[PDB]
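Working notes, structure below.
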RNA sequence: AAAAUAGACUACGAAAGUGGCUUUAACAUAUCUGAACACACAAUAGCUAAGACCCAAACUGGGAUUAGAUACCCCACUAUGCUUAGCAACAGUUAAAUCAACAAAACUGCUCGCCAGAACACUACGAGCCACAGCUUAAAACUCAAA
Ligand code: FES
Ligand SMILES: [Mg+2]
Ligand SMILES: [Mg+2]
Ligand SMILES: [Mg+2]
Ligand SMILES: [Mg+2]
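Chains as they are written, first to last, in the UniProt record's numbering: chain A, 153 to 197; chain B, 155 to 200; chain C, 2 to 106; chain D, 47 to 138; chain E, 65 to 225.
Below you can see the structure in the form of C-alpha cells.
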C-alpha cells in the first residue's frame, strides 16, 4: 500500500513542478510556453 | 674523468667486426665470481 | 641503461655454443644495444632440473653479457630469449656495478 | 675553577661493531658467499640473530639468495655440497 | 614535444671536450640510453631557460611551478598507458590542485611572471566558483526554462517596440 | 592457484592495504585550519549481459530414523563461490593545586563540526538521491519527573 501512495505523491509533485514552471512564463507575459519547450518528467524513471 | 674513462673503454667493446674473435676468446676463458668471508672479515680468494 | 644478461645455455659442442652466442649478441645489437664484454663462467650442473622447450636439462653453460641498451629494448630482448631453443634460461638485470656502494659506518 | 667537570660525550662508549660483510659488495653470482648464510640441511636462510649481519646486509643477502635461486645459480632445498667445507660464519 | 634522443645528459653537457668524443660515447651519454627521468630533467631546464629570469634559482615560485608542470606531464603520460592506476590518478589530481594554488599565489605576488608562466607552459588560469550547491534536476530544468522565457520575452520586446 | 626461511625485520602507502624474482613507469605540496553539497579512492554484499563448471553448497527433491523421529546422518542437483563487460585537526608546555569516578597523566593557544531532560524518533512530512529491500537531512502533538 506504501507504493500507490508513493507514486501518487510523485504525480502530485510533478504537477506542482509543472504549475511552477507555468507560473514563470505566465508572469513573464508569454501566453504559451517557450517555443519548443516540453516539461520533462523528472520524478519518474 | 668519467668521460675520458668511457672513451678509453669504448676501444675494447664488442663491435660487429670483432664478434667472432671475442666469442671464441670468451669460450676459451673462465671467470670466477665466487669468494668467501671469514669471521675476521677477510676475503678468501679461491 | 647498463644491463647484465645472465644466460644459461644448453650443454652443446663448441661450434653450437659459439653460434648461439653470436645469435644472441646479434639480437642484442639489433635491438639497439652496445655490448661491452662477454664472460664465460663455465659449464656446470644446474642447481636443479630445468625444463625448457620440451626438454629436460641438468647441465648448462653459464655466460654473462654486459651491455648498454635503451629501456624499451629490454622487454623486446626478453621475448627473443623466450623463443631461442638453445637458451635454458635468460635473465636481464640492471648491471651490479651501477648500484652505488654506500659506505655504512 | 679548572677542577670543575666539563660538558662532554661519554668517552668510554664502545662504538657499534662492524659486521663481517660491511664495505663488501654482495653479488647474486657469488654463490660461495651466499652459501655461507643458509642451512646445510634445508637451505633455509638464517636470520640476523644467527648470521649476525646488519639489517641492510641481511636484506641484501636475502635478496641475492632469492635472485640466485630463481636465476639458476643456487639450489633452493639444500646447500650445494661443494661449499660445505667453507669457513663457518653462523652461530648455530 | 620531447627532446631529441641524441641530446646529452644534463650532467654531461658542460663537461669540456664533449664534442671531441667518439659517436659511441655520444650515444652512451645521450637521452636514448637513459630512463625517462633524465628526459624530464632536460625538459625542466629547457622550460627554466625559456621562462624564468634566473634559471639557476630553483627555490622560486615560478621554478617550482615549472617543476610541478613537468611532473604533471609525466603523470599524464604514465596514465595514458595505465588507465587503472588509482594511486597515480590521485597524484596527478593533487599535483594539478597544488599547481593551481601556486599559480594563485604567483598571480597575487608577481603578475608579470604569472603571465610569462601562463604563456610559456600553456596554463589557462581559472577562477574558483563562488557558490558550492547541488544542481539537482528540478533546479536545472527551472533554470533552462527561465533562460528560454527570458529569450522569448526579449524577442517579444524587441519586435513590439 | 598463492608465495615456507629471510621476518627475533617494522618498512612503504591518504586510508583500505602491501611480504616470490626480473624489467619499465613511479611514490603531490615550503605555513596551519577550513565540503553533506566537487573530485578521486576505500570496504560492504547483491543485481544486469555473457562464458566456464573439477569441487563445494543456501534452496528443491529422494533415503534412513522417535513415537511431534536427527534442525543435525546419506544421495542428487540449483542460486552462489569463478572469469570478464558494466552499473576532531594543528602548534606549544610539564609549570602549577595532578585529579568527581572509571577509562587513556595533566593542561594551554587556535580553528572547524556538533550538543542543550526522557520518550515520541535510525520516526512522520518535505526535499535530494536512487529505485524489487531503500539511503541522507529530520519534526510536531499527547505523556512523564525523571531519564
Ligand atoms: S655495518 Fe655497514 S651495513 Fe652493516
Ligand atoms: Mg587544510
Ligand atoms: Mg576537521
Ligand atoms: Mg528514514
Ligand atoms: Mg516537514
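Using N, Cα and C, we set each Cβ at its ideal position, and we do this for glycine too.
| query | result |
| --- | --- |
| What's the C-alpha gap between residue 79/C and residue 197/A? | 55 Å |
| Just tell me which of 89/C, 62/C, 7/C has its CA closest to the CA of residue 38/C. | 7/C |
| Any heavy atom of ligand 1 closer than 7 Å to the beta-carbon of residue 103/D? | yes |
| Would you please verify whether the beta carbon of residue 92/E is less than 8 Å from any beta carbon of chain B? | yes |
| Residue 169/B: buried (16+ other C-beta within 10 angstroms of its C-beta) or exposed? | exposed |
| Please list the partners that residue 71/C has in chain E, where partner means a Cβ-to-Cβ separation under 9 Å. | 69, 96, 97, 98 |
| Hey, how far is the Cα of residue 100/D from the Cα of residue 93/D? | 10 Å |
| Could you tell me which of 190/E, 129/E, 188/E, 97/E sits nearest to residue 68/C, measuring between CA atoms? | 97/E |
| Residue 226/E: buried (16+ other C-beta within 10 angstroms of its C-beta) or exposed? | Residue 226/E lies beyond the stretch modelled for chain E, which goes from 65 to 225, so this question has no answer here. |
| Along the chain, where does the beta strand (DSSP E) containing residue 187/B start, and where does it finish? | Note, residue 187/B: premise wrong, no beta strand (DSSP E); not H, not E. |
| How would you label residue 171/A, buried or exposed, when you count the other beta carbons within 10 angstroms and need 16 or more for buried? | exposed |
| Tell me which residue opens and which closes the beta strand (DSSP E) that residue 93/C is part of. | 88-95 |
| With a cut-off of 8 Å, do at least 3 Cβ pairs link the stretch 173-186 of chain A to the stretch 201-219 of chain E? | yes |
| Under a three-way DSSP split, which group does residue 176/E fall into? | helix |
| Thinking just about the alpha-carbon of each residue, which of 67/D, 106/D, 125/D, 113/D is nearest to the one in residue 135/D? | 67/D |
| Output, in chain order, the set of chain A residues within a Cβ distance shorter than 9 Å of residue 222/E. | Near residue 222/E there are no residues of chain A at all, since even the closest Cβ is about 14 Å away, more than 9 Å. |
| Along the chain, where does the alpha helix (DSSP H) containing residue 139/E start, and where does it finish? | 125-145 |
| Report the rounded CA-to-CA distance for residue 200/B versus residue 65/C, giving the unit in angstroms. | 20 Å |
| Using the C-alpha atoms, what's the distance from residue 180/A back to residue 194/A? | 23 Å |
| Provide the residue span of the alpha helix (DSSP H) that contains residue 28/C, from first to last. | 15-31 |
| Going by beta carbon distance, what residues of the same chain come within less than 8 Å of residue 13/C, once the five residues before and after it are set aside? | 21, 62, 87 |
| Who are the neighbours of residue 102/D on chain C, taking C-beta pairs under 9 Å? | 103, 105 |
| Any idea what DSSP makes of residue 81/C, helix, strand or coil? | helix |
| Starting from residue 57/C, trace the beta strand (DSSP E) both ways and give me its first and last residue. | 56-69 |
| Would you please verify whether the beta carbon of residue 84/D is less than 8 Å from any beta carbon of chain B? | no |
| For the candidate residues 104/C, 54/C, 29/C, whose alpha-carbon lies nearest to that of residue 90/C? | 54/C |
| Among 100/C, 34/C, 18/C, whose alpha-carbon lies nearest the alpha-carbon of residue 182/B? | 18/C |
| By the DSSP assignment, the alpha helix (DSSP H) with residue 172/A in it spans what residues? | 154-180 |
| Would you kindly work out how many angstroms separate the C-alpha atoms of residue 123/E and residue 147/E, rounded to a whole number? | 33 Å |
| Between residue 181/E and the rest of its own chain, which residues show a CB-CB distance below 8 Å, the 5 nearest in sequence each way excluded? | 115, 126, 129, 130, 167, 170, 187 |
| Just grab the DSSP bridge partners of residue 43/C for me. | 63/C |
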